[PDB]
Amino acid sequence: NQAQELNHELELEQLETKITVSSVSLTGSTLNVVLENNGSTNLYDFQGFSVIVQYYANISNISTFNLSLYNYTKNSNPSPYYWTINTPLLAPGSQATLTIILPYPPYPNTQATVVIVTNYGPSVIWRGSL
């Protein structure tokens, strides 16, 4: 059966997919997350990823909760609410830099949560200070 074989393949890829955050670094409104592929699947369908960031924006010197979803773009100079990555395919064992364009600079030394979801389902959450 075809739905059986599709679900078989898909679940194996979910089992085989894994990503972690090596580091996070901020410059202005630009958030650069170094992501490593600790699975055995290739990752390249970035239009099927999710990137969600909850952080505290500096708005006229007021620390202001912000929660937004960021859309992927091939464009190397992305607009606010967009993200991109400096590789066309992230192979097992490799790392890449995922660049997220925040709408406002983070308020200094505030907590933030970055959620990165592969197109297969498996994800990673990073919590820390910006």
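Counting begins at 1, following the sequence as shown.
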### Task
Among all modelled residues of this chain, ranked by Cα B factor, put residue 68 in the bottom, middle or top third, i.e. lowest, middle or highest.
lowest
### Query
According to the PDB entry, is the CA B factor of residue 122 in the bottom, middle or top third of its chain, that is, lowest, middle or highest?
lowest
### Query
Taking the entry's C-alpha B-factors for this chain, is residue 28 in the lowest, middle or highest third?
middle
## Note on the structure
For residue 105, the third of its chain by CA B-factor is the middle
### For residue 61, the third of its chain into which the C-alpha B factor falls
highest
